[PDB]
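> The structure file target01.pdb (PDB, C-alpha atoms) is provided below.
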```
ATOM      1  CA  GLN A   1     -35.224 -74.178  29.857  1.00  0.00           C
ATOM      2  CA  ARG A   2     -35.216 -71.737  26.933  1.00  0.00           C
ATOM      3  CA  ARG A   3     -35.030 -74.842  24.740  1.00  0.00           C
ATOM      4  CA  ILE A   4     -35.971 -74.099  21.130  1.00  0.00           C
ATOM      5  CA  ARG A   5     -37.622 -76.790  19.005  1.00  0.00           C
ATOM      6  CA  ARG A   6     -35.057 -77.418  16.266  1.00  0.00           C
ATOM      7  CA  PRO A   7     -35.081 -80.967  14.780  1.00  0.00           C
ATOM      8  CA  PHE A   8     -33.106 -79.885  11.712  1.00  0.00           C
ATOM      9  CA  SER A   9     -30.583 -77.192  10.797  1.00  0.00           C
ATOM     10  CA  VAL A  10     -28.125 -75.998   8.145  1.00  0.00           C
ATOM     11  CA  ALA A  11     -25.955 -78.953   9.166  1.00  0.00           C
ATOM     12  CA  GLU A  12     -28.604 -81.430   8.043  1.00  0.00           C
ATOM     13  CA  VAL A  13     -29.225 -79.308   4.956  1.00  0.00           C
ATOM     14  CA  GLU A  14     -25.683 -80.193   3.869  1.00  0.00           C
ATOM     15  CA  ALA A  15     -26.638 -83.814   3.244  1.00  0.00           C
ATOM     16  CA  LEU A  16     -29.869 -82.573   1.691  1.00  0.00           C
ATOM     17  CA  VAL A  17     -27.687 -80.606  -0.730  1.00  0.00           C
ATOM     18  CA  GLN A  18     -25.793 -83.717  -1.811  1.00  0.00           C
ATOM     19  CA  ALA A  19     -29.185 -85.316  -2.459  1.00  0.00           C
ATOM     20  CA  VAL A  20     -30.810 -82.426  -4.352  1.00  0.00           C
ATOM     21  CA  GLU A  21     -27.688 -81.570  -6.373  1.00  0.00           C
ATOM     22  CA  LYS A  22     -28.977 -84.188  -8.831  1.00  0.00           C
ATOM     23  CA  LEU A  23     -32.769 -83.769  -8.874  1.00  0.00           C
ATOM     24  CA  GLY A  24     -32.834 -80.161  -7.713  1.00  0.00           C
ATOM     25  CA  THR A  25     -35.256 -77.526  -8.967  1.00  0.00           C
ATOM     26  CA  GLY A  26     -34.670 -74.373  -6.948  1.00  0.00           C
ATOM     27  CA  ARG A  27     -33.801 -75.308  -3.356  1.00  0.00           C
ATOM     28  CA  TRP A  28     -37.405 -74.382  -2.566  1.00  0.00           C
ATOM     29  CA  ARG A  29     -37.737 -77.224  -0.069  1.00  0.00           C
ATOM     30  CA  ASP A  30     -34.259 -76.505   1.283  1.00  0.00           C
ATOM     31  CA  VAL A  31     -34.879 -72.822   2.005  1.00  0.00           C
ATOM     32  CA  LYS A  32     -38.242 -73.722   3.525  1.00  0.00           C
ATOM     33  CA  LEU A  33     -36.812 -76.221   6.023  1.00  0.00           C
ATOM     34  CA  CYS A  34     -33.217 -74.958   6.027  1.00  0.00           C
ATOM     35  CA  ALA A  35     -33.567 -74.206   9.733  1.00  0.00           C
ATOM     36  CA  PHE A  36     -36.767 -72.182  10.094  1.00  0.00           C
ATOM     37  CA  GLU A  37     -34.443 -69.365   9.163  1.00  0.00           C
ATOM     38  CA  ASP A  38     -35.504 -68.623   5.588  1.00  0.00           C
ATOM     39  CA  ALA A  39     -38.825 -70.462   5.816  1.00  0.00           C
ATOM     40  CA  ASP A  40     -40.383 -67.114   4.882  1.00  0.00           C
ATOM     41  CA  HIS A  41     -38.127 -66.482   1.872  1.00  0.00           C
ATOM     42  CA  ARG A  42     -36.097 -63.265   2.021  1.00  0.00           C
ATOM     43  CA  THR A  43     -34.434 -62.720  -1.361  1.00  0.00           C
ATOM     44  CA  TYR A  44     -33.237 -64.773  -4.337  1.00  0.00           C
ATOM     45  CA  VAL A  45     -29.611 -63.638  -3.958  1.00  0.00           C
ATOM     46  CA  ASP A  46     -29.781 -63.494  -0.158  1.00  0.00           C
ATOM     47  CA  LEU A  47     -30.743 -67.160   0.018  1.00  0.00           C
ATOM     48  CA  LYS A  48     -28.227 -67.742  -2.762  1.00  0.00           C
ATOM     49  CA  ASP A  49     -25.566 -66.285  -0.483  1.00  0.00           C
ATOM     50  CA  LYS A  50     -26.451 -68.512   2.459  1.00  0.00           C
ATOM     51  CA  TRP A  51     -26.632 -71.521   0.145  1.00  0.00           C
ATOM     52  CA  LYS A  52     -23.477 -70.833  -1.865  1.00  0.00           C
ATOM     53  CA  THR A  53     -21.630 -70.473   1.443  1.00  0.00           C
ATOM     54  CA  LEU A  54     -23.330 -73.524   2.917  1.00  0.00           C
ATOM     55  CA  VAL A  55     -21.571 -75.593   0.252  1.00  0.00           C
ATOM     56  CA  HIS A  56     -18.357 -73.563  -0.008  1.00  0.00           C
ATOM     57  CA  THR A  57     -17.940 -74.046   3.741  1.00  0.00           C
ATOM     58  CA  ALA A  58     -18.388 -77.810   3.383  1.00  0.00           C
ATOM     59  CA  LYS A  59     -15.171 -79.123   1.816  1.00  0.00           C
ATOM     60  CA  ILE A  60     -14.761 -77.048  -1.345  1.00  0.00           C
ATOM     61  CA  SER A  61     -11.510 -75.735   0.143  1.00  0.00           C
ATOM     62  CA  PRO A  62     -11.469 -72.259  -1.496  1.00  0.00           C
ATOM     63  CA  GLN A  63      -8.079 -71.641   0.118  1.00  0.00           C
ATOM     64  CA  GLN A  64      -6.262 -74.080  -2.177  1.00  0.00           C
ATOM     65  CA  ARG A  65      -3.777 -74.421   0.696  1.00  0.00           C
ATOM     66  CA  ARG A  66      -2.091 -71.374  -0.849  1.00  0.00           C
ATOM     67  CA  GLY A  67      -4.007 -68.341   0.378  1.00  0.00           C
ATOM     68  CA  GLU A  68      -7.046 -66.190  -0.363  1.00  0.00           C
ATOM     69  CA  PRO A  69      -6.812 -64.867  -3.966  1.00  0.00           C
ATOM     70  CA  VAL A  70     -10.276 -64.742  -5.540  1.00  0.00           C
ATOM     71  CA  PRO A  71     -12.958 -67.329  -4.578  1.00  0.00           C
ATOM     72  CA  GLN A  72     -14.865 -67.350  -7.871  1.00  0.00           C
ATOM     73  CA  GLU A  73     -15.264 -71.128  -8.080  1.00  0.00           C
ATOM     74  CA  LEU A  74     -17.989 -71.099  -5.413  1.00  0.00           C
ATOM     75  CA  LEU A  75     -19.892 -68.592  -7.572  1.00  0.00           C
ATOM     76  CA  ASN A  76     -19.444 -70.524 -10.812  1.00  0.00           C
ATOM     77  CA  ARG A  77     -20.545 -73.787  -9.188  1.00  0.00           C
ATOM     78  CA  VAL A  78     -23.517 -72.285  -7.337  1.00  0.00           C
ATOM     79  CA  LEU A  79     -24.952 -70.572 -10.421  1.00  0.00           C
ATOM     80  CA  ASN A  80     -24.174 -73.622 -12.556  1.00  0.00           C
ATOM     81  CA  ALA A  81     -25.861 -75.976 -10.101  1.00  0.00           C
ATOM     82  CA  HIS A  82     -29.096 -73.984  -9.817  1.00  0.00           C
ATOM     83  CA  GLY A  83     -29.169 -73.067 -13.494  1.00  0.00           C
ATOM     84  CA  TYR A  84     -28.639 -76.747 -14.242  1.00  0.00           C
ATOM     85  CA  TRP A  85     -31.700 -77.861 -12.268  1.00  0.00           C
ATOM     86  CA  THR A  86     -34.030 -75.434 -14.025  1.00  0.00           C
ATOM     87  CA  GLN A  87     -32.317 -75.919 -17.390  1.00  0.00           C
ATOM     88  CA  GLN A  88     -32.460 -79.653 -16.709  1.00  0.00           C
ATOM     89  CA  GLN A  89     -36.261 -79.692 -16.557  1.00  0.00           C
ATOM     90  CA  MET A  90     -36.041 -82.698 -14.229  1.00  0.00           C
ATOM     91  CA  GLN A  91     -34.770 -84.520 -17.342  1.00  0.00           C
ATOM     92  CA  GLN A  92     -38.227 -86.108 -17.652  1.00  0.00           C
ATOM     93  CA  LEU A  93     -40.441 -83.634 -15.785  1.00  0.00           C
ATOM     94  CA  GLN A  94     -40.480 -86.239 -13.014  1.00  0.00           C
ATOM     95  CA  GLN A  95     -38.562 -86.907  -9.793  1.00  0.00           C
ATOM     96  CA  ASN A  96     -37.699 -90.329 -11.208  1.00  0.00           C
ATOM     97  CA  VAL A  97     -34.026 -89.755 -12.019  1.00  0.00           C
TER      98      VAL A  97
END
```
As structure tokens, please, write out the structure in this file.


Amino acid sequence: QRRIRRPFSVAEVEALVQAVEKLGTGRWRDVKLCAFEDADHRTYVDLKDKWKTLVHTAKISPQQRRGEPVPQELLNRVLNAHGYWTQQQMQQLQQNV
């Protein structure tokens, strides 16, 4: 059958992103169960690349319907998002947003 046990994947992670984008901390749980892909943790930027693209590929529309100039927005939003979580300190050091 060659069937591989895969209940979740990057696709599901998408929704998980919309959920953690508020009470995030460091996509630790995301990278762990992203898709059994980075469950071993490769690199901070490596995972950052797969994550930043995971969202940019969603509906960010980096083409602007014009062309392909310089997709910097995806970088500014990815670093802002993560930095926000940590710099947010959970707002109350609790998951109770």

> Stretch 1-15 of chain A: which residues within 6 Å, counting all atoms listed in the file, same-chain residues fewer than 2 positions away excluded, as a list in words?

residues 17, 18, 34 and 35 of chain A

> When distances are computed from only C-alpha atoms, which of A:76, A:53, A:64, A:88 shows the smallest separation from residue A:26?

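When distances to residue A:26 are compared using only C-alpha atoms, the smallest one comes from A:88.
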
> Just how far from atom CA of residue A:65 is atom CA of residue A:47, in Å to one decimal?

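These atoms are spaced 27.9 Å apart.
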
> What would the selection look like, as JSON, numbers by chain, if the PyMOL selection byres ((chain A and resi 21) around 12) were run on the coordinates I just shared?

{"A": [13, 14, 15, 16, 17, 18, 19, 20, 22, 23, 24, 25, 26, 27, 30, 55, 77, 78, 80, 81, 82, 83, 84, 85, 86, 88, 90, 97]}

> Work out how far atom CA of residue A:52 is from atom CA of residue A:69, in Å to one decimal.

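The value is 17.8 Å.
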
> Could you tell me how far atom CA of residue A:75 sits from atom CA of residue A:50, in Å to one decimal place?

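Going from atom CA of residue A:50 over to atom CA of residue A:75, I get 12.0 Å.
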
> Which one of A:39, A:91, A:74, A:45 sits closest to residue A:57 if you count all atoms listed in the file?

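Selected residue with least distance to residue A:57: A:74.
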
> If I wrap all listed atoms of stretch 15-30 of chain A in a box with edges along x, y and z and add 4 Å on each side, what are its centre and edge lengths in Å to one decimal, as JSON?


```
{"center_x": -31.8, "center_y": -79.8, "center_z": -2.9, "size_x": 19.9, "size_y": 18.9, "size_z": 20.2}
```

> Kindly indicate which residue among A:44, A:58, A:94, A:67 lies nearest to residue A:79, using all atoms listed in the file for the distances.

A:44

> Go through A:96, A:29, A:56, A:71 one by one, measure the shortest atom-to-atom distance of each to residue A:41 using all atoms listed in the file, and give the residue with the smallest value.

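For residue A:41, the nearest of the given residues is A:29.
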
> Please write stretch 76-92 of chain A of the preceding block to a file containing N, CA and C atoms, as a PDB file, in the first residue's frame?


```
ATOM      1  N   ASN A  76       8.833  41.291   6.642  1.00  0.00           N
ATOM      2  CA  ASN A  76       8.500  42.249   7.688  1.00  0.00           C
ATOM      3  C   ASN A  76       7.389  41.718   8.589  1.00  0.00           C
ATOM      4  N   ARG A  77       6.448  40.985   8.000  1.00  0.00           N
ATOM      5  CA  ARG A  77       5.325  40.437   8.753  1.00  0.00           C
ATOM      6  C   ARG A  77       5.722  39.189   9.536  1.00  0.00           C
ATOM      7  N   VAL A  78       6.619  38.383   8.973  1.00  0.00           N
ATOM      8  CA  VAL A  78       7.058  37.164   9.646  1.00  0.00           C
ATOM      9  C   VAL A  78       7.894  37.489  10.883  1.00  0.00           C
ATOM     10  N   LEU A  79       8.836  38.419  10.735  1.00  0.00           N
ATOM     11  CA  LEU A  79       9.694  38.815  11.844  1.00  0.00           C
ATOM     12  C   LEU A  79       8.905  39.599  12.887  1.00  0.00           C
ATOM     13  N   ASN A  80       7.919  40.365  12.427  1.00  0.00           N
ATOM     14  CA  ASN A  80       7.085  41.151  13.328  1.00  0.00           C
ATOM     15  C   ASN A  80       6.193  40.232  14.150  1.00  0.00           C
ATOM     16  N   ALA A  81       5.611  39.246  13.478  1.00  0.00           N
ATOM     17  CA  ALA A  81       4.730  38.282  14.128  1.00  0.00           C
ATOM     18  C   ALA A  81       5.452  37.539  15.249  1.00  0.00           C
ATOM     19  N   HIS A  82       6.555  36.877  14.905  1.00  0.00           N
ATOM     20  CA  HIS A  82       7.331  36.129  15.892  1.00  0.00           C
ATOM     21  C   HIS A  82       7.815  37.053  17.007  1.00  0.00           C
ATOM     22  N   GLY A  83       8.513  38.118  16.616  1.00  0.00           N
ATOM     23  CA  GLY A  83       9.016  39.074  17.582  1.00  0.00           C
ATOM     24  C   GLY A  83       7.923  39.579  18.500  1.00  0.00           C
ATOM     25  N   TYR A  84       6.714  39.694  17.962  1.00  0.00           N
ATOM     26  CA  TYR A  84       5.569  40.157  18.737  1.00  0.00           C
ATOM     27  C   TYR A  84       5.228  39.164  19.837  1.00  0.00           C
ATOM     28  N   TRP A  85       5.139  37.881  19.488  1.00  0.00           N
ATOM     29  CA  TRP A  85       4.822  36.851  20.475  1.00  0.00           C
ATOM     30  C   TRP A  85       5.757  36.957  21.671  1.00  0.00           C
ATOM     31  N   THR A  86       7.049  36.802  21.404  1.00  0.00           N
ATOM     32  CA  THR A  86       8.060  36.871  22.455  1.00  0.00           C
ATOM     33  C   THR A  86       8.010  38.205  23.193  1.00  0.00           C
ATOM     34  N   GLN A  87       7.971  39.297  22.436  1.00  0.00           N
ATOM     35  CA  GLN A  87       7.920  40.632  23.022  1.00  0.00           C
ATOM     36  C   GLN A  87       6.569  40.893  23.672  1.00  0.00           C
ATOM     37  N   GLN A  88       5.606  40.015  23.406  1.00  0.00           N
ATOM     38  CA  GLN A  88       4.275  40.160  23.976  1.00  0.00           C
ATOM     39  C   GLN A  88       4.241  39.586  25.386  1.00  0.00           C
ATOM     40  N   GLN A  89       5.045  38.545  25.607  1.00  0.00           N
ATOM     41  CA  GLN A  89       5.118  37.887  26.908  1.00  0.00           C
ATOM     42  C   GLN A  89       3.767  37.294  27.286  1.00  0.00           C
ATOM     43  N   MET A  90       3.035  36.827  26.275  1.00  0.00           N
ATOM     44  CA  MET A  90       1.716  36.231  26.479  1.00  0.00           C
ATOM     45  C   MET A  90       0.727  37.255  27.032  1.00  0.00           C
ATOM     46  N   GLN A  91       1.187  38.501  27.176  1.00  0.00           N
ATOM     47  CA  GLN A  91       0.363  39.596  27.693  1.00  0.00           C
ATOM     48  C   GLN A  91       0.120  39.460  29.197  1.00  0.00           C
ATOM     49  N   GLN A  92      -0.005  38.224  29.674  1.00  0.00           N
ATOM     50  CA  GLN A  92      -0.241  37.969  31.091  1.00  0.00           C
ATOM     51  C   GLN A  92       0.470  36.696  31.538  1.00  0.00           C
TER      52      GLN A  92
END
```
